[PDB]
Every structure is written in C-alpha cells, then in structure tokens.
C-alpha cells in the first residue's frame, strides 16, 4: 500500500483521530475552519488568517465508509472523505465536497479527496474527476480553500 500519512508527532493518521490542519511553516496563516460566505448556510472551508488560530480539527474516513477494509490507517494518494469534527450552526453535514471552493452540507465523487506528500508536509487534493490541488485565496475578510495554485502545504496536529 502507499505510505501512511503522519501527524506532527510522527504517528500514522487514523480514521479514529481528529487533526488540526495547520501550515507546514510559520508565516502562512492559521488552521482550517468553517465559515459562511454570504448566505449563513452552507458553511465553506476557510483558512484562519490569524496564525495563532488552529481552527477546527478534521476527521478522515477511508473511501467506502464502514465497507472500506478494516485497516483504517489514512494513506497518501488514496480516496478519503474529510469532515470537521465539530458541532455546526447550520445543522448540516460537516463533510467537505467540491461542486472552485470547498463547501460543507448537502450535495459522483464530489466528496472525494486525497492527501499527497508535498514540500515540507502534505497537500490536500480534490479528486472528483482528475486530482486538483487545493490552495487558499484571500477574498476580502476571508481566505477560502479551493482548487487553485499554489497548493496550501499543511501538517496534521492530533487534537
């Protein structure tokens, strides 16, 4: 199998754990959060502009869910679903999907992502059809995660 994804303490990522998604280096902003874009729902995936803010941790789920193989180690280059492990003001799914921007809430493969080793950490990729790197775009007061260059390089700090 492809290698496991590792957290900032060097342990393999697990489908059981929750992980803050932080930049791999200082001076690149804070962690990922969910925030409304003009409408209060659905929430979209934003990056905190403030470096001190870790945002909300995420949970990874191997593609297939309960029907995926029993080895639920999270690995690179492998379809996974991603959600925020957090209560939401929208009473909707916190699972990520792409239709540009990464959105949560109700909707093939719109919710398929992968993690790839990249630079000093990992990049996240949307793989609805072909794999597209996810990057951050400042948009007024907010910075949004979407399909864009350059990729946003991240590490996973276990909560």
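Residue numbers count along the first chain shown, from 1.
The segment from residue 107 to residue 108 is interrupted, since 4 to 9 residues of the deposited sequence in that interval carry no coordinates.
According to the record, the deposited sequence contains no missing residues between residue 64 and residue 65, so the chain is continuous there. Annotation for 52-60 versus 37-45: the higher mean temperature factor (C-alpha) is found in 37-45.
Just going by the entry, 111-119 versus 87-95 on mean CA temperature factor gives the higher value to 87-95.
Sort the modelled residues of the chain by CA B factor and residue 130 lands in the highest third. Ranked by Cα temperature factor within the chain, residue 26 sits in the middle third according to the deposited record.
Remark: residue 124 belongs to the lowest third of its chain, ranked by C-alpha B-factor as recorded. Split the chain's modelled residues into thirds by C-alpha temperature factor. Residue 141 is in the highest one.
When all modelled residues of the chain are sorted by CA temperature factor, residue 81 is found within the lowest third.
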